[PDB]
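Here is the structure we will look at, set down as structure tokens.
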Amino acid sequence: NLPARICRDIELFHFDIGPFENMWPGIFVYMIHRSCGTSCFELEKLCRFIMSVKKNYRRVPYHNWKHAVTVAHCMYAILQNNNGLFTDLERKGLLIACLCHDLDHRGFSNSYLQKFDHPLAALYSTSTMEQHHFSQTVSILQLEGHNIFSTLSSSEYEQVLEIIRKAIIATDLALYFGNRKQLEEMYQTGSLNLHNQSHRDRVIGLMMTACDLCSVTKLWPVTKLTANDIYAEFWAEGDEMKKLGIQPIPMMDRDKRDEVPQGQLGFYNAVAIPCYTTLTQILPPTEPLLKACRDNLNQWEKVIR
Ligand SMILES: COc1cc2ncnc(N3CCC[C@@H](c4ccccc4)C3)c2cc1OCCc1ccc2ccccc2n1
Ligand SMILES: [Mg+2]
Ligand SMILES: [Zn+2]
């Protein structure tokens with residue numbers, strides 16, 4: 001069962017899941033049963049599914065099993081503070097999408113895969129690794145005793161898989177810029193309609209981005225340490241770009257590491273702040289994410305001074 005401190009702290013947007021890996025499944029089970037009912041998901045099947053998902057994450061610095069559960073927690077907190085907006089089915093799908101969205105991630109971007117001429121880039125031209133993460137999710141669901149959705153109708157099964165596919169694909173940050181621009185225009189013209197499936201899919205897309213980027217919404221000591229893991233992958237990809245004979249972008253070039261604070265500023269300005277600002281406009285109870293993001297922007301500004 002869940003320790004008292006976790007029981008309380010799990011409801012905070014800036015919760016950190018801790019360094020004990022064997023506790024994470026229980027944290028995920030608690031979140032999905034609190035969000036979607038103890039009804040649905042036979043415990044045994046869910047646990048089996050969870051353990052296989054874990055097994056298919058890699059021991060990379062950032063896009064690892066810990067990241068999956070952390071992204072799932074952020075989604076939990078959004079859903080807990082916006083009661084009555086999403087269906088039981090959506091809530092289950094979104095939480096599973098979050099757990100699975102980075103399956104088999106090797107710590108390299110779609111861009112590197114393209115430049116490498118990796119076989120995945122020939123299979124899936126755009127959102128290469130995300131299409132792969134979704135395929136891996138379906139493959140795991142298809143394993144004996146792993147169908148956590150087995151009690152759903154055929155129609156609901158197809159429904160939930162589609163929710164998951166769109167949610168995983170939306171974690172391709174390249175898609176975020178256009179998604180956010182459209183949502184913002186709809187907000188400002190007052191035409192956003194959550195009963196319109198296309199608008200709804202967009203809002204879910206932004207939620208997925210907001211959860212994926214959530215390191216910037218933790219408290220500063222957590223944000224700062226997490227940035228170390230983020231750069232560890234970027235710099236490893238930059239080394240690999242150099243090995244292909246391509247000069248990496250500055251963000252991936254360890255020779256430019258002294259410019260991290262300026263790079264962070266750019267990221268918060270162009271990506272993080274607009275993302276959480278748009279999210280708060282649509283879902284006001286997500287305000288704490290924006291506040292924490294702004295606090296971290298200030299800390300980065302403080303580093304530069
Ligand atoms: C939480 O941190 C980051 C988290 C990120 N999470 C996901 N993707 C990122 N990249 C993807 C490619 C585009 C990039 C981007 C887009 C617009 C504006 C800036 C960056 C975001 C992230 C960049 C981050 O920060 C990296 C920031 C950065 C940018 C340039 C740099 C240049 C030199 C040194 C460090 C640098 N660091
Ligand atoms: Mg990803
Ligand atoms: Zn991710």
Side-chain angles (χ1 to χ4, degrees), residues 17 53 56-58 60-75 94-114 120 124 127-134 136-137 167-178 180-181 205 207-218 220 222-238 241 247-276 289 292-293 295-297 299-300 303-304:
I17 66 174
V53 172
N56 284 283
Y57 279 82
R58 290 172 181 268
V60 293
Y62 177 60
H63 290 96
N64 57 39
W65 178 228
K66 193 180 198 173
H67 171 68
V69 181
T70 286
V71 176
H73 164 269
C74 194
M75 177 67 71
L94 288 184
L95 287 168
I96 297 298
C98 284
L99 202 70
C100 296
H101 78 281
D102 270 338
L103 265 170
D104 190 46
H105 198 297
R106 298 174 171 259
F108 310 109
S109 74
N110 292 324
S111 165
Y112 176 70
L113 263 38
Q114 177 171 61
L120 292 169
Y124 313 115
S127 304
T128 298
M129 87 171 315
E130 292 81 10
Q131 296 210 64
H132 182 60
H133 303 329
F134 176 67
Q136 294 260 127
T137 292
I168 297 183
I169 296 311
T171 65
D172 179 11
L173 194 68
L175 299 167
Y176 151 82
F177 304 87
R180 203 236 25 143
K181 174 177 180 300
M207 288 163 65
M208 290 301 293
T209 299
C211 292
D212 203 18
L213 300 179
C214 77
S215 85
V216 303
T217 63
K218 301 302 183 193
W220 174 242
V222 169
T223 291
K224 190 179 142 165
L225 285 153
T226 304
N228 296 328
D229 302 329
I230 294 177
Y231 285 108
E233 305 192 355
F234 285 167
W235 297 332
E237 177 174 333
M241 285 286 287
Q247 167 66 46
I249 63 174
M251 173 187 90
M252 292 190 187
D253 188 351
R254 57 174 80 259
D255 293 343
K256 305 286 186 71
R257 69 171 88 63
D258 296 343
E259 311 172 18
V260 162
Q262 281 78 17
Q264 290 293 310
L265 245 52
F267 182 73
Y268 278 73
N269 289 337
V271 185
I273 296 282
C275 172
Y276 301 103
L289 291 170
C293 187
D295 286 345
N296 283 145
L297 174 51
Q299 295 292 319
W300 283 115
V303 167
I304 286 151

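Every heavy atom of this structure was used, including side-chain atoms; hydrogens, water molecules and symmetry mates were not. All residue numbers refer to positions in the sequence shown, counting from 1. Numbering of ligands and ligand atoms starts at 1, following listing order.
- Considering backbone and side-chain atoms together, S215 places no N or O closer than 3.5 Å to any N or O of ligand 1.
- Residue-to-ligand polar distances place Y231 within reach of ligand 1: an N/O pair is separated by less than 3.5 Å.
- Look at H67 and the Zn ion (ligand 3): an N/O/S atom of the residue is under 2.8 Å from the metal.
- Annotation: salt bridge (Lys or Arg N to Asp or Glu O under 4.0 Å) contacts of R257 (sequence neighbours excluded): none.
- Look at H105 and the Zn ion (ligand 3): no N/O/S atom of the residue is under 2.8 Å from the metal.
- Checked against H101 for a side-chain hydrogen bond (donor to acceptor under 3.5 Å, both in side chains), the options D212, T137, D172, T171 give a single hit: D212.
- The Zn ion (ligand 3) forms the vertex of an angle spanning NE2 of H101 and OD1 of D212; to the nearest 10 degrees it equals 100°.
- Metal site remark for the Mg ion (ligand 2): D102 contributes an N, O or S atom at a distance under 2.8 Å.
- In the candidate list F177, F267, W300, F267 is nearest to atom 1 (C) of ligand 1, counting heavy atoms.
- Within the 4.0 Å heavy-atom cutoff, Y268 does not count among the residues contacting ligand 1.
- Nearest to atom 28 (C) of ligand 1 by heavy-atom distance, out of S111, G238, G263, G266, is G263.
- For atom 36 (C) of ligand 1, the nearest protein heavy atom is under 4.0 Å away.
- The shortest contact between atom 12 (C) of ligand 1 and any protein heavy atom is with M251 CE, 4.0 Å.
- At a heavy-atom distance under 4.0 Å, no atom of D212 approaches ligand 1.
- The atoms of ligand 1 that sit less than 4.0 Å from any heavy atom of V216 are 1 (C).
- At the top of the distance list for atom 25 (O) of ligand 1, counting protein heavy atoms only, stands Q264 NE2, 3.3 Å.
- Residue, atom and distance of the protein heavy atom nearest to atom 17 (C) of ligand 1 are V271 CG2, 3.5 Å.
- Looking at residues two or more places apart in sequence or on another chain, you find no side chain to side chain donor-acceptor pair (under 3.5 Å) involving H133.
- For atom 8 (N) of ligand 1, the closest non-hydrogen atom on the protein side is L173 CD2, 3.7 Å.
- Looking at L213 against ligand 1, only its side chain comes within 4.0 Å, counting heavy atoms.
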